[PDB]
Every structure is written in structure tokens, then in C-alpha cells.
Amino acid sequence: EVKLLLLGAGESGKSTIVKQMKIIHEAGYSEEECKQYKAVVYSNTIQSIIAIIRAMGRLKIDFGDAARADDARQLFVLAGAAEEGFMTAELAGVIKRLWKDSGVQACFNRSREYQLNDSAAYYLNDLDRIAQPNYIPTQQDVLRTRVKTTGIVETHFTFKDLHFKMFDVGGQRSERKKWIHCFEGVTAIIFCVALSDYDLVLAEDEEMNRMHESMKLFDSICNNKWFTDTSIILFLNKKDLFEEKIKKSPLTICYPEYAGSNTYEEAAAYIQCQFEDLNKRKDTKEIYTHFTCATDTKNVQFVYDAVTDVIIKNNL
């Protein structure tokens, strides 16, 4: 048996790694399982367009076309259905027209100023597909869903003849007090960091930079004497979102002394060193760092293969 524990701040990608284990090692989500996620996809979609519409009020952004005001009204009249797992053609049309509005887009592109699901664009750009009658979520749709984890999720799978018990816990501040319930008999910790968090603030506190919060947690876990003999794996996750963001959002928002360019390789490396430097015992404790896109099954497959071999060599 191998006990793996996923840790990291909220929305760092822990629960998405869990889903990937089912897809990679257990033949994925069945049709009945996918259908269970349909209301989650619909809920994520409605909540995302609504969050942008709410932000337009706060930031004082007009619709590009005045005709959208009536669509916005109809959005709330019709939203109830999607919350129950149904999306009518009329609702889809309302959301589609809203999503294409230049005012809504302006607000979308300022999402760091409020709280918006990372998968907002993914679902909203695929409205024609997901609004289909008899729509059944794909594996990617399932991977892209967002539900805050409360309590402790335990998943089992077999890989390279090892029986893995993977534990997943909530990362938001309210759930941190529960991490200690998972601390016994841990073979390895996979600590997830959202690379794209560098310019965001906490949903639970708008004065706290998300990445600074991540750093504090990693510092605490990595250097905890309880975990001296526990393999510490660092997933610098959301590399796909990071690659896009680094082009246009300065890393100095997070790290004032960053002197490199607005490019993926230099900035990614700099963030890696910031986290690895928190290790107070560099000669006696190794950190196994990987850059990941948790929603990308192929990337996770190869990364997780490499991680597993490390775990086999070091703990078994």
C-alpha cells in the first residue's frame, strides 16, 4: 500500500489530479458517472456568466449592446433550470449572446479584479456543444468542473502493481484545520500550486495574494519534522493558464524583485526557485518538482509515471 496525500491552497488543482487517476488508471468516467456531472457543468456555466455580470456592476462596465440588458434579465428568469441539470435552447441563446458581448468580454478580461472560475471560458466557448439535447459531459468536461472540497476524499487505484490510497482535502482557509486528520502513514505528499495564481487574491481574503498564501503553506509543510521521511512532490500546476497570463500580467505584482522577462521559461523557473528556497534543509531533504496542467490527461499520465518511479525507488 502507498498512501499519497494531496495538499495546497484552494483551487490549486488537487481534486483534478484525483479525477485523472480514475481516467488514467481506471478506464475513466462511465456514462452514468458523466451524467452525474452534467448539473455541475451547467451550474459552473451559469455561475460563471453570472459572476461576470455581477462584476460589471461593481466595475461600472456597460454592455456593448443595449439589447443585452433584456438578455441579462432573462438570464435570471431562466437560470433555475440549469441549476437542476437542464438547459433549454432559450437559456443557451441568452448566455451565448451575453458571452459574445464586448462589454461582457471587457469584464471577462479583468477577472483578476473579482472571483471567476478558471473553467469559465472553457464551458462558455463550448455552449453549442454542452447545450445539446442529451448532452453527456466528456472526460474533459468532468476534469474542468469546479466544486470546493469539504472534508476528506479517499480514492483507491492500482498502478505498477502498487495499491495507491490517495487522499484529497480542501485547501481554502476554512478547511485547513482538517489537514491534520490525514497526516498518518503518508508515503508521499503531492503539493499543488496554481502558477496562474500569482496575480489573484484569495476568495476568502482580498488583501492576501494567492501565491503568497501558497508559499506560506508550502513552507509549513515542507519543513515540518513530521514529514522528514515523507517524499515531497511539488506540482507547479496550471502551467497552461500561466503560459497565457505571463504574456500580459506582470509577475512583479507578486514578486516585486523579479527582473526577468514576461515569458514562460524565465518566469516559471523563478517561481520554482521561490518555492524550493523555502526548504530549510536543502542538503538532507529533496523536493521533486514537476510542472503540470492537471486537466491535461497526457501531461498528467507522463508526469505521474515519473513521480511513481521516484516513489518506488525511494520508499519501496
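One rule holds for the numbers: they count along the sequence shown, beginning at 1.
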{"property": "Stretch with the higher entry mean CA B-factor, where the candidates are 35-43 and 255-263", "result": "255-263"}
{"property": "Comparing 198-206 with 141-149, the one whose average Cα B-factor in the PDB entry is higher", "result": "198-206"}
{"property": "Maximum C-alpha temperature factor, selected from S119, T155, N224, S102", "result": "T155"}
{"property": "Options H290, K247, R68, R281 - largest CA temperature factor per the record", "result": "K247"}
{"property": "Among modelled residues of the same chain, the CA temperature factor third for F108", "result": "lowest"}
{"property": "Chain-wide C-alpha B factor ranking for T308, given as lowest, middle or highest third", "result": "highest"}
{"property": "Among modelled residues of the same chain, the CA temperature factor third for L127", "result": "highest"}
{"property": "Where the record places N237 (Cα B-factor, split into thirds across the chain)", "result": "lowest"}
{"property": "Ranked against its chain, the third holding the CA B-factor of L6", "result": "middle"}
